[PDB]
Amino acid sequence: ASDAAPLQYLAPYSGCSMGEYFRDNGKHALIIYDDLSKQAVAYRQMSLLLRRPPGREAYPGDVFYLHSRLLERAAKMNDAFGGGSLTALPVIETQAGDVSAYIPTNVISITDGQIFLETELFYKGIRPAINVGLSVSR
Amino acid sequence: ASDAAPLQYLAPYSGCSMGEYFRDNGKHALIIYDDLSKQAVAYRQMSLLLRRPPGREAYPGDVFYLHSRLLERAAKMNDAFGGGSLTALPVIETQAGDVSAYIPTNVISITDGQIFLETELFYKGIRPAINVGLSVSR
Amino acid sequence: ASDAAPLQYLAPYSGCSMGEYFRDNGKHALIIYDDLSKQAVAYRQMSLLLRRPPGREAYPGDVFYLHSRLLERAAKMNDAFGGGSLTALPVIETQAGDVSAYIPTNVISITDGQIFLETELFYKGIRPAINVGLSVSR
Amino acid sequence: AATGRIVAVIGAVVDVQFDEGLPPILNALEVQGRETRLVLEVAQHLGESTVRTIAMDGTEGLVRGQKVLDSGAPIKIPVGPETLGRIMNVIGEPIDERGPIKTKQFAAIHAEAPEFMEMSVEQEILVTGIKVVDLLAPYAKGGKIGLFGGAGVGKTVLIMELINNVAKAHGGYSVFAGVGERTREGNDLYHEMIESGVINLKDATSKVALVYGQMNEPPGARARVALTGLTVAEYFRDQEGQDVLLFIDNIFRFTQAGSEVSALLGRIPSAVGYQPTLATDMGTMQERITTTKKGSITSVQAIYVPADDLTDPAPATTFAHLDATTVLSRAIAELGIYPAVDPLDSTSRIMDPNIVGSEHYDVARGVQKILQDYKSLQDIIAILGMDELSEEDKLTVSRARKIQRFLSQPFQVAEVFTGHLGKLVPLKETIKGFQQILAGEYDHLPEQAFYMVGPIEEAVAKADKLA
Amino acid sequence: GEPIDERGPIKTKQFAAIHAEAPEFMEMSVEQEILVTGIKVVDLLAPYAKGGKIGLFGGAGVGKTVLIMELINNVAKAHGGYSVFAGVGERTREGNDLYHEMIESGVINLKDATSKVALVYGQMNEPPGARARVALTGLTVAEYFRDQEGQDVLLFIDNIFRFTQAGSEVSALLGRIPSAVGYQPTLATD
Amino acid sequence: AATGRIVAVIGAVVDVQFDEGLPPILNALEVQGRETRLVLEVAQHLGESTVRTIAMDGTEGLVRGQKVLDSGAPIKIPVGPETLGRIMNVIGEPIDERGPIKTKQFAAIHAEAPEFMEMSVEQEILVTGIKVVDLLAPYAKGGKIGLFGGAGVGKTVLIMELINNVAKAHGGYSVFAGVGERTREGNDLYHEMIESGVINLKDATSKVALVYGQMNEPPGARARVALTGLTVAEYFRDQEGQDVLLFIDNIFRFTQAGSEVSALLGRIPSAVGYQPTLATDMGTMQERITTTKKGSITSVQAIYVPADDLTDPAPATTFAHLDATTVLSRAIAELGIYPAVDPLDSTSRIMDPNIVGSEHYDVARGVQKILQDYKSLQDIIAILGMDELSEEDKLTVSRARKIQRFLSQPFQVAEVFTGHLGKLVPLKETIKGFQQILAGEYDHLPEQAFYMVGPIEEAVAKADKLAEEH
Amino acid sequence: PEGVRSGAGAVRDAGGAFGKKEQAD
Amino acid sequence: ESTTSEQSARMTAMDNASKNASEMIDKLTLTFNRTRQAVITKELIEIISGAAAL
Ligand SMILES: Nc1ncnc2c1ncn2[C@@H]1O[C@H](COP(=O)(O)OP(=O)(O)O)[C@@H](O)[C@H]1O
Ligand SMILES: Nc1ncnc2c1ncn2[C@@H]1O[C@H](COP(=O)(O)OP(=O)(O)O)[C@@H](O)[C@H]1O
Ligand SMILES: [Mg+2]
Ligand SMILES: [Mg+2]
């Protein structure tokens with residue numbers, strides 16, 4: 001949090017480029033992005049200071065294009081290219097369990113499933129607090 | 001729909017003038033505007049590209065005048081002026097039967113009566129589906 | 001209501017300055033500001049015509065500082081300065097009993113207590129309509 | 001006096017450049033080379049010998065370079081005792097095809113409000129013949145009255161009923177101003193005033209003057225008609241000692257028309273698209289309609305609420321300029337109660353024991369308490385039902401439902417499309433009828449007998465027929 | 001319009017632009033008819049209209065792709081028409097799965113001239129300007145079969161909502177004041 | 001060594017033009033010709049030899065063309081052991097009328113945060129004497145603490161009781177900073193700390209230093225007092241190997257003060273009318289309050305929640321910077337239970353079976369489970385009456401109601417309000433009292449015996465007196 | 001998931017008639 | 001004799017109550033949706049207005 005915004009905006013791509021090395025050499029990898037929302041906030045600050053037109057909740061117009069590029073680089077390769085892999089597990093935080101905000105709706109439409117966690121199940125003894133009703137993997 | 005917005009904004013007055021031809025020559029006429037809501041939408045599109053301050057539901061503040069001018073040109077002349085007439089029947093669409101919106105309430109304060117058509121009666125079989133309780137003529 | 005906006009903006013300080021005369025000579029005084037909500041509208045009108053950017057509900061960016069420097073001038077002095085005092089009783093009006101609006105929340109957090117009045121108690125024969133379950137005095 | 005040149009035309013805003021003799025603000029200007037008179041009003045001094053004006057008529061056909069002439073004074077209109085029975089417009093030209101108006105003097109539209117030392121503080125009561133108003137929120141003489149309501153709920157029917165009941169017996173004069181409304185209603189009013197006898201076309205015994213600008217006019221005109229009515233209202237108060245009644249229809253259009261030109265003048269919008277100067281220009285206009293130590297003025301105004309919303313900035317700043325309020329509701333009108341007056345949202349300034357008497361005040365407070373109590377049981381009745389209540393709650397529900405019916409009344413101006421007969425109740429009969437219901441003397445009658453009747457005696461007869 | 005399947009150039013004889021205009025008033029049909037698909041429930045309860053638009057409410061796990069391919073087969077057998085598929089904002093993995101699923105069923109043949117469908121793809125990791133023009137590219141291909149050969153065609157669109165979102169981002173990029181609920185002022189004309 | 005001229009005065013933002021040299025950003029300037037001292041701070045370079053500054057006091061009386069001097073360094077304040085028992089300003093000036101502060105050192109209020117290889121990994125419990133905190137959310141030595149709440153729920157009384165319980169039994173020193181609050185309370189605290197002997201006016205054995213900036217000041221001053229407050233504590237942490245305490249009142253005013261000048265600096269607003277630089281500005285300051293390997297700092301911060309909304313962007317981006325949180329609620333306060341701590345919305349990091357043992361952990365989880373189960377039974381009672389419930393549900397409700405009362409406690413600084421003397425409870429009695437109520441050893445007593453008491457031994461002695469007086 | 005989902009204790013949080021009726025009993 | 005009638009009446013009462021609740025929860029949803037759209041439009045206009053005045 002003490003670092004400048006561009007570093008917090010460049011951090012995930014630098015970590016994806018390190019993991020793409022294993023994918024092209026017949027090995028397997030796994031990457032975890034913590035708090036993808038704070039990268040979007042860091043990206044919004046620069047665009048607001050550079051005098052670009054704002055939009056819904058003051059986010060720029062190409063915020064979807066910022067996250068679609070990042071999460072499209074995880075794949076499974078065939079035998080002609082070696083047979084590597086790369087798996088991603090992004091994390092996103094919601095306010096009052098609202099899944100219709102700007103950023104969660106963008107990210108939900110890109111991935112292949114979700115694991116939903118709640119706080120009511122946490123205090124009645126069900127730990128880990130996974131809600132099987134609203135979880136799916138395609 | 002494929003036509004440009006100004007063409008969908010000029011249309012009613014052009015028909016109104018052709019109708020007014022008969023009224024001043026001792027004849028009778030009738031005019032039917034299919035949808036004023038789409039004209040309101042087209043005028044709103046035109047206004048925003050001119051960078052004018054938006055208001056309620058992002059509509060401009062001169063929407064009332066736009067219909068007030070048009071629906072005041074139907075009248076019944078006296079004998080000294082010829083005796084002609086011009087009758088008008090505008091049509092407006094609502095969402096989920098909300099009659100307390102901006103444009104529907106605006107138009108009601110102009111006309112001299114209204115006919116209400118319900119959807120439940122249409123589904124059950126009563127056709128034409130007119131609600132006798134609400135329809136009125138002054 | 002027929003006076004210029006700057007006079008309505010300047011009126012409360014001109015009365016506080018008259019009240020402060022008694023406070024510094026060993027005497028006690030009482031002051032009442034009727035409808036503090038109507039000073040903020042005059043401040044907003046005066047600021048917008050000076051081409052300053054708006055904020056929430058087009059209020060200026062520092063409406064809190066408008067009242068904070070005003071309500072801090074009431075104090076009880078010790079014997080080295082005379083022993084005088086000055087008391088204040090501001091007034092606020094809310095829309096449809098909404099106490100969680102913008103302006104009321106600012107002034108609630110400045111004073112030492114509040115008295116609540118309600119319409120339902122007014123129409124049930126309880127006059128004056130003081131809600132004793134919420135009124136406090138620190 | 002001096003000549004200028006048109007430099008820019010956008011909508012209803014025109015800019016003029018003067019070589020010498022810059023006119024002051026609020027003066028009128030004349031355009032040269034047109035078939036019909038067109039007048040402009042100065043609003044701002046921009047700089048480099050240029051001004052920005054507002055037109056009072058259509059601006060089609062204007063060319064850059066055209067000539068504009070100065071007059072030297074604000075808009076002036078004919079005022080006097082010869083305006084009775086005539087019809088004027090924004091700039092005081094007759095539109096009743098009966099020749100010019102020959103008065104002795106003229107007056108300017110813009111003036112200043114009366115000072116602090118000229119105010120009067122007397123209070124009395126005015127009887128209207130309508131049960132809800134007299135019982136709950138009575139009017140007064142020389143005060144301001146407002147009627148709030150949405151669209152289609154019935155403000156103008158009430159205004160015409162008040163005209164029919166009060167205006168005829170009045171000894172003084174009356175003025176009717178119509179702003180932003182239907183033209184056919186004005187024609188109907190003119191013809192029925194000819195028929196009644198208020199307007200006489202063959203002598204000098206008329207007692208009303210009319211000023212009109214309707215919803216087919218450009219926004220420049222609709223922002224200035226109310227002052228034209230105010231001037232002719234004030235002449236009868238100052239120069240002559242008379243009592244005047246002033247009726248204004250939809251003063252809300254005075255505010256809306258002002259926000260259609262604010263953007264073109266180059267201002268920052270404040271809230272919901274309204275102009276920053278919304279309260280001050282309303283306060284400037286409202287403070288002139290008062291009662292002074294030279295005469296009295298009684299005002300009845302109709303107000304409009306957009307999208308059935310009472311928190312909108314336009315109708316929420318008019319509550320502070322009134323002495324009596326009457327709020328209309330669509331939900332009551334749905335149930336069939338006419339007039340649809342909300343009994344828990346109407347107030348008056350003279351509802352105190354020392355003016356109206358103790359008995360009237362006690363009856364009003366009792367009926368309001370009973371009405372309030374029944375509203376707090378709605379949630380339980382809407383789900384669990386009537387059977388869960390005890391006996392006292394059922395009794396209060398029955399009495400409140402009986403009281404609600406008795407507040408409706410048939411109007412005379414609505415007989416044509418309702419098939420009824422008009423009624424007019426004195427005050428004592430209303431007080432006694434509500435006392436009797438509160439005492440429980442009519443608990444053996446059906447609740448449908450108190451619907452659309454006058455005095456209490458008509459309820460027992462209709463119940464007797466409906467055995 | 002360039003291949004992305006690594007098989008070579010697309011050697012044809014003619015080219016067409018993607019921006020055109022709707023047919024004039026005097027070329028419309030004054031009658032309404034019914035297109036018969038050969039499925040009992042649709043042809044009995046909710047018949048399709050020839051030259052009309054159909055809305056498909058659904059999701060995953062309820063056999064959507066099998067229905068698409070069965071319509072593709074039936075319209076080619078009973079009438080003699082071809083089909084076009086357009087993917088607006090398409091995930092790469094699901095597009096690869098669909099491409100390999102169509103080969104084994106038989107609607108696409110890699111050994112001779114017997115194919116029935118043409119595929120046009122616009123993926124998620126492309127700039128917003130590219131994802132708003134794919135539908136016109138898919139419409140221009142079918143207009144040739146309609147006009148130069150006089151047959152009936154079928155056209156599929158992956159999602160009609162992403163077509164609105166991609167067009168909503170371009171207006172924001174070009175610097176235009178947004179309309180209600182943050183949409184473009186030209187929502188209805190586009 | 002440079003001189004400039006004032007060329008524009010709008011609100012609380014001033015512009016100065018220099019002809020010889022250009023001062024760097026974050027420098028202090030002094031205006032010439034005033035009876036008092038006015039200080040300006042540089043923010044931006046506008047080009048063509050001009051800067052845009054922010055004032056630290058009133059700007060009335062300024063004239064275009066007035067001379068301004070350059071000091072050549074950021075704001076510097078006195079620091080050392082001679083500032084104990086004294087009140088100072090935002091820019092380091094005494095305001096207690098006792099003469100100048102005579103030290104030997106000075107410090108700059110703008111520094112940089114410690115690096116990654118200087119952090120410490122240590123966790124020990126810090127007992128306070130309050131049942132709820134010591135049972136459901138323990139504190140830790142050298143940690144960060146937050147007190148969330150709305151208006152009028154009791155943040156200040158709790159932060160006064162924390163001082164009265166922890167500060168007096170501490171070997172080291174302490175610092176208190178007041179940001180954007182009432183002056184009347186700053187008059188109360190000063191005279192309270194004199195009677196208790198913590199502040200001495202004759203000897204040289206004081207233990208507290210005070211820094212104050214209140215809500216009657218322009219926005220420039222209210223947005224800097226916190227840095228002045230923590231710069232003092234950094235000296236006692238580094239230059240001396242000693243533990244320090246740091247109390248801050250309403251750190252929320254640090255963020256609100258920065259939103260009142262952003263528009264005048266030429267910025268596009270972010271959501272709900274905040275400046276676009278919220279998170280970065282908060283993060284830069286927060287990273288300096290840490291326990292490095294040279295010393296320890298234990299911090300307690302009070303946070304204001306506007307209109308009882310925990311999703312507001314100001315409190316939302318503050319949860320990430322803390323180690324233990326206590327959330328006060330208005331619903332509990334209306335039942336008459338003080339302190340109004342929400343038992344199902346407080347968290348701590350050392351609530352682990354390997355740090356506090358198994359018995360302590362099981363008791364807290366067992367309490368929370370039954371408190372969660374109580375809520376679901378209240379829907380049934382709304383429709384069908386209380387008496388139609390089964391006996392097991394009635395026993396569950398009876399135990400839950402008794403558990404709820406026993407969490408309240410009389411404080412010592414609230415003797416004027418309640419009228420009782422305060423109490424302190426050790427940890428073992430706190431564990432045992434709830435373990436016994438969970439077991440079911442007190443099912444034959446009324447609820448009122450568990451209200452406003454200390455240990456478990458006093459409830460039965462209260463019930464016996466209640467029985468005697470019946 | 002898109003719609004409004006209720007929880008436990010929502011009857012007594014709204015503070016309507018049913019909440020006070022529940023409390024008094 | 002009495003017990004059976006009591007049970008058969010309670011069943012009908014509990015059916016009508018759920019009918020009424022289902023009737024209420026249908027208007028409240030439409031009101032909620034309209035308010036949700038209005039909040040977004042109102043909060044976007046302010047950002048545009050404060051960006052234009054610079
Ligand atoms: N007292 C009344 N009795 C019967 N119908 C009424 C009454 N008042 C209003 N209405 C109904 O309202 C309609 C007229 O509304 P109007 O007075 O024009 O509303 P507004 O004054 O808001 O324009 C009539 O068609 C009539 O059906
Ligand atoms: N034991 C108690 N603990 C805390 N607050 C109490 C207690 N008893 C009564 N109160 C009331 O709680 C209020 C909290 O005041 P204060 O702490 O100033 O509010 P804030 O938390 O907004 O600063 C006091 O006015 C006091 O009357
Ligand atoms: Mg009307
Ligand atoms: Mg406090």
# chains A, B, ... in the order shown; residues from 1 in each chain; ligands from 1

call {"tool": "calpha_fit_rmsd", "arguments": {"fixed": "chain C", "moving": "chain A"}}
result
0.5 Å

call {"tool": "residues_near_ligand", "arguments": {"ligand": "ligand 2", "cutoff": "7 Å", "atoms": "only C-alpha atoms and all ligand atoms", "output": "VMD selection string"}}
result
(chain C and resid 137 to 138) or (chain F and resid 150 to 158 338 to 339 410 to 411 414 417 to 418)

call {"tool": "write_last_selection", "arguments": {"atoms": "N, CA, C and O atoms", "output": "short mmCIF file (atom, residue, chain, number, x, y, z; two decimals), in the first residue's frame"}}
result
data_model
loop_
_atom_site.label_atom_id
_atom_site.label_comp_id
_atom_site.auth_asym_id
_atom_site.auth_seq_id
_atom_site.Cartn_x
_atom_site.Cartn_y
_atom_site.Cartn_z
N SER C 137 -29.09 14.39 26.17
CA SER C 137 -28.40 15.60 26.60
C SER C 137 -27.09 15.19 27.26
O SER C 137 -27.11 14.62 28.36
N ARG C 138 -25.97 15.47 26.60
CA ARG C 138 -24.67 15.02 27.09
C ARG C 138 -24.13 15.93 28.18
O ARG C 138 -23.01 16.43 28.08
N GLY F 150 -20.88 4.78 15.10
CA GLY F 150 -21.59 5.94 14.60
C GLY F 150 -21.48 7.12 15.53
O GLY F 150 -20.50 7.28 16.26
N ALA F 151 -22.51 7.97 15.51
CA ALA F 151 -22.55 9.17 16.33
C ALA F 151 -23.34 8.90 17.60
O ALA F 151 -24.52 8.54 17.53
N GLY F 152 -22.70 9.09 18.75
CA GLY F 152 -23.38 8.94 20.02
C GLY F 152 -23.52 7.53 20.54
O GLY F 152 -24.50 7.23 21.22
N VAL F 153 -22.56 6.65 20.25
CA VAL F 153 -22.60 5.29 20.76
C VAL F 153 -21.56 5.01 21.84
O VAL F 153 -21.71 4.03 22.58
N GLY F 154 -20.51 5.83 21.96
CA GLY F 154 -19.61 5.69 23.09
C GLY F 154 -18.13 5.48 22.81
O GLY F 154 -17.45 4.83 23.60
N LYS F 155 -17.63 6.00 21.68
CA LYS F 155 -16.22 5.83 21.36
C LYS F 155 -15.32 6.54 22.37
O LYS F 155 -14.31 5.99 22.82
N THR F 156 -15.68 7.77 22.74
CA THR F 156 -14.79 8.58 23.56
C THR F 156 -14.71 8.06 24.99
O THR F 156 -13.63 8.05 25.60
N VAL F 157 -15.83 7.60 25.54
CA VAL F 157 -15.81 7.03 26.89
C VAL F 157 -14.95 5.78 26.93
O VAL F 157 -14.20 5.55 27.87
N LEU F 158 -15.06 4.93 25.90
CA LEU F 158 -14.24 3.73 25.84
C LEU F 158 -12.76 4.07 25.71
O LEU F 158 -11.92 3.43 26.35
N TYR F 338 -24.41 -1.44 28.01
CA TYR F 338 -23.18 -0.70 27.75
C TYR F 338 -21.98 -1.48 28.27
O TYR F 338 -22.05 -2.07 29.36
N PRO F 339 -20.87 -1.51 27.53
CA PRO F 339 -20.63 -0.88 26.22
C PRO F 339 -21.36 -1.60 25.09
O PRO F 339 -21.51 -2.81 25.11
N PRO F 410 -20.20 -2.03 34.45
CA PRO F 410 -20.11 -0.61 34.81
C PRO F 410 -18.67 -0.12 34.74
O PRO F 410 -17.75 -0.78 35.23
N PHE F 411 -18.48 1.04 34.12
CA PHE F 411 -17.16 1.64 33.99
C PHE F 411 -16.88 2.59 35.15
O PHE F 411 -17.77 2.94 35.93
N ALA F 414 -17.71 6.53 34.12
CA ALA F 414 -19.13 6.77 33.90
C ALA F 414 -19.93 6.73 35.20
O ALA F 414 -21.11 6.38 35.20
N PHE F 417 -23.00 9.07 35.10
CA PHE F 417 -24.17 8.62 34.34
C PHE F 417 -24.91 7.52 35.09
O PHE F 417 -26.07 7.68 35.48
N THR F 418 -24.25 6.38 35.30
CA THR F 418 -24.93 5.22 35.88
C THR F 418 -25.16 5.40 37.38
O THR F 418 -26.23 5.04 37.89
#

call {"tool": "interface_residues", "arguments": {"of": "chain H", "to": "chain E", "cutoff": "8 Å", "atoms": "only C-alpha atoms", "output": "number ranges by chain"}}
result
H: 37-38, 40-41, 44, 48

call {"tool": "write_last_selection", "arguments": {"atoms": "C-alpha atoms", "output": "PDB file, in the first residue's frame"}}
result
ATOM      1  CA  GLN H  37     -32.083   2.604 -11.530  1.00  0.00           C
ATOM      2  CA  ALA H  38     -32.756   6.145 -10.299  1.00  0.00           C
ATOM      3  CA  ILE H  40     -27.325   5.226 -10.624  1.00  0.00           C
ATOM      4  CA  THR H  41     -28.554   7.967 -12.931  1.00  0.00           C
ATOM      5  CA  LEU H  44     -23.580   9.760 -12.693  1.00  0.00           C
ATOM      6  CA  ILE H  48     -20.303  14.772 -15.320  1.00  0.00           C
TER       7      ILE H  48
END

call {"tool": "interface_residues", "arguments": {"of": "chain A", "to": "chain F", "cutoff": "7 Å", "atoms": "only C-alpha atoms", "output": "PyMOL selection string"}}
result
chain A and resi 1-2+45+48+57-58+95+123-125

call {"tool": "write_last_selection", "arguments": {"atoms": "C-alpha atoms", "output": "tab-separated table (two decimals), in the first residue's frame"}}
result
chain	number	residue	atom	x	y	z
A	1	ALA	CA	0.00	0.00	0.00
A	2	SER	CA	2.97	2.35	0.40
A	45	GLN	CA	-6.66	6.98	-10.13
A	48	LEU	CA	-8.75	10.42	-13.47
A	57	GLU	CA	-18.86	4.93	-10.76
A	58	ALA	CA	-16.08	7.05	-12.31
A	95	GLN	CA	-19.96	-4.97	-0.27
A	123	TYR	CA	-21.10	-18.35	13.14
A	124	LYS	CA	-23.42	-21.38	13.22
A	125	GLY	CA	-20.53	-23.86	12.97

call {"tool": "residues_near_ligand", "arguments": {"ligand": "ligand 3", "cutoff": "12 Å", "atoms": "only C-alpha atoms and all ligand atoms", "output": "PyMOL selection string"}}
result
(chain B and resi 108-112) or (chain D and resi 147-160+178-186+248-252+301-304)

call {"tool": "residues_around", "arguments": {"residues": "residue 76 of chain B", "least_positions_apart": "2", "cutoff": "9 Å", "atoms": "only C-alpha atoms", "output": "list in words"}}
result
residues 23, 74, 78, 83, 84, 85, 86 and 87 of chain B

call {"tool": "write_last_selection", "arguments": {"atoms": "N, CA and C atoms", "output": "PDB file, in the first residue's frame"}}
result
ATOM      1  N   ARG B  23     -58.989  21.944 -41.901  1.00  0.00           N
ATOM      2  CA  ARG B  23     -59.702  22.612 -40.815  1.00  0.00           C
ATOM      3  C   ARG B  23     -60.076  24.042 -41.179  1.00  0.00           C
ATOM      4  N   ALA B  74     -55.320  21.166 -32.430  1.00  0.00           N
ATOM      5  CA  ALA B  74     -56.593  20.531 -32.746  1.00  0.00           C
ATOM      6  C   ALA B  74     -57.693  21.293 -32.027  1.00  0.00           C
ATOM      7  N   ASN B  78     -65.442  28.229 -34.986  1.00  0.00           N
ATOM      8  CA  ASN B  78     -66.810  28.722 -34.970  1.00  0.00           C
ATOM      9  C   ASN B  78     -67.300  28.969 -36.395  1.00  0.00           C
ATOM     10  N   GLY B  83     -66.108  26.616 -39.617  1.00  0.00           N
ATOM     11  CA  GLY B  83     -66.761  25.470 -39.018  1.00  0.00           C
ATOM     12  C   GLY B  83     -66.015  24.155 -39.097  1.00  0.00           C
ATOM     13  N   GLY B  84     -64.733  24.164 -39.449  1.00  0.00           N
ATOM     14  CA  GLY B  84     -63.984  22.931 -39.553  1.00  0.00           C
ATOM     15  C   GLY B  84     -63.582  22.347 -38.208  1.00  0.00           C
ATOM     16  N   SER B  85     -62.916  21.199 -38.270  1.00  0.00           N
ATOM     17  CA  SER B  85     -62.529  20.480 -37.067  1.00  0.00           C
ATOM     18  C   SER B  85     -61.259  19.688 -37.332  1.00  0.00           C
ATOM     19  N   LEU B  86     -60.582  19.309 -36.248  1.00  0.00           N
ATOM     20  CA  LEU B  86     -59.438  18.405 -36.318  1.00  0.00           C
ATOM     21  C   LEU B  86     -59.360  17.627 -35.014  1.00  0.00           C
ATOM     22  N   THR B  87     -59.369  16.299 -35.104  1.00  0.00           N
ATOM     23  CA  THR B  87     -59.348  15.416 -33.943  1.00  0.00           C
ATOM     24  C   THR B  87     -58.034  14.645 -33.892  1.00  0.00           C
TER      25      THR B  87
END

call {"tool": "residues_around", "arguments": {"residues": "residue 40 of chain D", "least_positions_apart": "5", "cutoff": "6 Å", "atoms": "only C-alpha atoms", "output": "VMD selection string"}}
result
chain D and resid 28 to 29 54 to 55

call {"tool": "atom_distance", "arguments": {"atom1": "atom CA of residue 225 of chain D", "atom2": "atom CA of residue 107 of chain B"}}
result
23.4 Å

call {"tool": "atom_distance", "arguments": {"atom1": "atom CA of residue 384 of chain F", "atom2": "atom CA of residue 27 of chain H"}}
result
26.0 Å

call {"tool": "interface_residues", "arguments": {"of": "chain D", "to": "chain H", "cutoff": "8 Å", "atoms": "only C-alpha atoms", "output": "list in words"}}
result
residues 268, 382, 383 and 384 of chain D
